[PDB]
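Peer 1: Following this line is start21.cif, made up of mmCIF, C-alpha atoms (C1' of nucleotides):
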data_structure
loop_
_atom_site.group_PDB
_atom_site.id
_atom_site.type_symbol
_atom_site.label_atom_id
_atom_site.label_comp_id
_atom_site.auth_asym_id
_atom_site.auth_seq_id
_atom_site.Cartn_x
_atom_site.Cartn_y
_atom_site.Cartn_z
ATOM 1 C CA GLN A 1379 47.287 -142.974 -220.020
ATOM 2 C CA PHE A 1380 47.061 -144.952 -216.772
ATOM 3 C CA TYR A 1381 50.799 -144.382 -216.269
ATOM 4 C CA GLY A 1382 50.757 -140.901 -217.804
ATOM 5 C CA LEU A 1383 52.903 -141.919 -220.781
ATOM 6 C CA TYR A 1384 52.165 -140.238 -224.109
ATOM 7 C CA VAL A 1385 52.716 -141.944 -227.471
ATOM 8 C CA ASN A 1386 51.916 -140.236 -230.778
ATOM 9 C CA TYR A 1387 48.769 -141.318 -232.600
ATOM 10 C CA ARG A 1388 50.466 -142.484 -235.814
ATOM 11 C CA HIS A 1389 52.563 -145.181 -234.098
ATOM 12 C CA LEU A 1390 49.407 -146.625 -232.515
ATOM 13 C CA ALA A 1391 47.133 -146.335 -235.547
ATOM 14 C CA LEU A 1392 49.780 -148.114 -237.628
ATOM 15 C CA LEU A 1393 49.667 -151.162 -235.330
ATOM 16 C CA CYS A 1394 45.857 -151.039 -235.196
ATOM 17 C CA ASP A 1395 45.806 -151.078 -239.003
ATOM 18 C CA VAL A 1396 48.397 -153.885 -239.200
ATOM 19 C CA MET A 1397 46.292 -156.214 -237.035
ATOM 20 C CA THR A 1398 43.003 -155.434 -238.815
ATOM 21 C CA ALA A 1399 44.412 -155.606 -242.353
ATOM 22 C CA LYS A 1400 43.412 -159.194 -243.174
ATOM 23 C CA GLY A 1401 39.773 -158.815 -242.094
ATOM 24 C CA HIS A 1402 40.086 -160.834 -238.887
ATOM 25 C CA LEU A 1403 42.167 -160.473 -235.721
ATOM 26 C CA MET A 1404 45.805 -161.047 -236.694
ATOM 27 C CA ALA A 1405 47.470 -161.383 -233.301
ATOM 28 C CA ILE A 1406 51.162 -160.735 -232.702
ATOM 29 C CA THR A 1407 52.015 -164.349 -231.836
ATOM 30 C CA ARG A 1408 53.345 -167.287 -233.789
ATOM 31 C CA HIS A 1409 49.713 -167.934 -234.782
ATOM 32 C CA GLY A 1410 49.182 -164.572 -236.481
ATOM 33 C CA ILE A 1411 52.566 -163.641 -237.917
ATOM 34 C CA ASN A 1412 53.497 -167.068 -239.291
ATOM 35 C CA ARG A 1413 50.026 -167.451 -240.845
ATOM 36 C CA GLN A 1414 50.544 -164.435 -243.125
ATOM 37 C CA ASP A 1415 51.487 -164.373 -246.821
ATOM 38 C CA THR A 1416 55.075 -163.208 -246.289
ATOM 39 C CA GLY A 1417 58.238 -165.037 -247.267
ATOM 40 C CA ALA A 1418 59.637 -168.184 -245.725
ATOM 41 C CA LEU A 1419 62.864 -166.585 -244.493
ATOM 42 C CA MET A 1420 60.928 -163.734 -242.876
ATOM 43 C CA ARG A 1421 58.606 -166.114 -241.017
ATOM 44 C CA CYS A 1422 61.338 -168.562 -239.987
ATOM 45 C CA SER A 1423 63.417 -165.742 -238.494
ATOM 46 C CA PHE A 1424 60.821 -165.054 -235.787
ATOM 47 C CA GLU A 1425 59.572 -168.359 -234.330
ATOM 48 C CA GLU A 1426 59.205 -172.037 -235.330
ATOM 49 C CA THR A 1427 62.102 -171.910 -237.781
ATOM 50 C "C1'" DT B 1 -4.566 -201.968 -254.215
ATOM 51 C "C1'" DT B 2 -2.388 -197.101 -253.031
ATOM 52 C "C1'" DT B 3 -1.339 -193.426 -249.441
ATOM 53 C "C1'" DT B 4 0.084 -191.904 -244.984
ATOM 54 C "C1'" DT B 5 2.538 -192.742 -240.797
ATOM 55 C "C1'" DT B 6 5.889 -194.869 -237.859
ATOM 56 C "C1'" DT B 7 10.529 -196.549 -237.590
ATOM 57 C "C1'" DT B 8 15.247 -196.697 -238.875
ATOM 58 C "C1'" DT B 9 19.666 -195.209 -240.263
ATOM 59 C "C1'" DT B 10 22.789 -192.187 -241.667
ATOM 60 C "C1'" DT B 11 24.675 -187.264 -241.392
ATOM 61 C "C1'" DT B 12 26.424 -183.435 -240.070
ATOM 62 C "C1'" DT B 13 27.398 -180.639 -236.395
ATOM 63 C "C1'" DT B 14 28.370 -179.471 -231.342
ATOM 64 C "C1'" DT B 15 30.618 -179.383 -227.373
ATOM 65 C "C1'" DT B 16 33.539 -180.664 -224.207
ATOM 66 C "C1'" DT B 17 37.805 -183.012 -223.084
ATOM 67 C "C1'" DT B 18 42.389 -184.362 -223.984
ATOM 68 C "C1'" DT B 19 46.715 -184.015 -226.212
ATOM 69 C "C1'" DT B 20 50.359 -181.607 -228.275
ATOM 70 C "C1'" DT B 21 53.502 -178.088 -229.004
ATOM 71 C "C1'" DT B 22 55.899 -174.016 -228.617
ATOM 72 C "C1'" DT B 23 57.518 -170.153 -226.017
ATOM 73 C "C1'" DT B 24 60.016 -167.728 -222.140
ATOM 74 C "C1'" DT B 25 64.775 -159.247 -222.450
ATOM 75 C "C1'" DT B 26 69.812 -157.474 -224.306
ATOM 76 C "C1'" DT B 27 74.978 -157.271 -223.685
ATOM 77 C "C1'" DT B 28 79.484 -158.273 -220.921
ATOM 78 C "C1'" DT B 29 83.420 -160.474 -217.508
ATOM 79 C "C1'" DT B 30 85.723 -164.296 -214.590
ATOM 80 C "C1'" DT B 31 86.644 -169.400 -212.889
ATOM 81 C "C1'" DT B 32 86.243 -174.967 -212.631
ATOM 82 C "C1'" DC B 33 85.395 -179.746 -214.699
ATOM 83 C "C1'" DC B 34 85.266 -182.988 -218.288
ATOM 84 C "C1'" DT B 35 86.417 -183.988 -223.351
ATOM 85 C "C1'" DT B 36 84.770 -192.724 -220.266
ATOM 86 C "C1'" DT B 37 84.079 -197.419 -218.376
ATOM 87 C "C1'" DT B 38 83.247 -201.847 -216.954
ATOM 88 C "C1'" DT B 39 82.498 -206.235 -219.860
ATOM 89 C "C1'" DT B 40 83.576 -209.590 -222.964
ATOM 90 C "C1'" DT B 41 86.656 -211.599 -226.229
ATOM 91 C "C1'" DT B 42 91.389 -212.363 -227.870
ATOM 92 C "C1'" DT B 43 96.245 -212.990 -227.423
ATOM 93 C "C1'" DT B 44 100.357 -213.798 -224.931
ATOM 94 C "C1'" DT B 45 102.701 -215.881 -220.975
ATOM 95 C "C1'" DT B 46 103.860 -219.249 -217.512
ATOM 96 C "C1'" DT B 47 103.832 -223.674 -215.469
ATOM 97 C "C1'" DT B 48 103.331 -228.619 -215.785
ATOM 98 C "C1'" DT B 49 103.759 -233.310 -217.841
ATOM 99 C "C1'" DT B 50 105.626 -237.329 -220.604
#
Please rewrite the model in this file as structure tokens.
Peer 2:
Amino acid sequence: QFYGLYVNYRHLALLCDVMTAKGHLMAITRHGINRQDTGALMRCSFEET
DNA sequence: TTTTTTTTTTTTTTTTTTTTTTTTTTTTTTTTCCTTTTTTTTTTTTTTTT
């Protein structure tokens, strides 16, 4: 809202629920995505293959 | 002669510093240059001598 851009609430609440799903702060880095419980090929496709 | 009281020695954490490691928008089009090199060993050749 500083730049006057409007994004719908669902697309923001989905991200806010993705980060707070595990009970702590799951950042969107290589330290939060690669520390999840997903598959090996999914995690190696992003960073630190 | 036993109990408290001081000393000691680990014990686990804390905190700060240092080190390490990993990352850095998407697509497309043209040229240029290099894709060895000097060193050491081996083999052949040429000249000389008896």
Peer 1: Could the residues of chain B within 12 Å of chain A, counting all atoms listed in the file, be given as a list in words, please?
Peer 2: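 Residues passing the distance filter: residues 21, 22 and 23 of chain B.
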Peer 1: At what distance in Å, to one decimal, does CA of residue 1392 (chain A) lie from CA of residue 1424 (chain A)?
Peer 2: 20.3 Å
Peer 1: Mind pulling up the distance from CA of residue 1403 (chain A) to CA of residue 1386 (chain A)?
Peer 2: 23.0 Å
Peer 1: Would you mind reading off the distance between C1' of residue 20 (chain B) and CA of residue 1411 (chain A), one decimal, in Å?
Peer 2: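 About the pair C1' of residue 20 (chain B) and CA of residue 1411 (chain A): they are 20.5 Å apart.
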Peer 1: What box, with edges along x, y and z, holds each listed atom of region 8-26 of chain B when 3 Å is added on every side, and can you state its centre and edge lengths in Å to one decimal, as lines of an AutoDock Vina configuration file?
Peer 2:
center_x = 42.5
center_y = -177.1
center_z = -231.9
size_x = 60.6
size_y = 45.2
size_z = 25.5
Peer 1: Fewer than 5 positions away in the same chain doesn't count, so skip those; otherwise give me all residues within 12 Å of residue 1404 (chain A), counting only C-alpha atoms (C1' of nucleotides), as a count of residues only.
Peer 2: 13
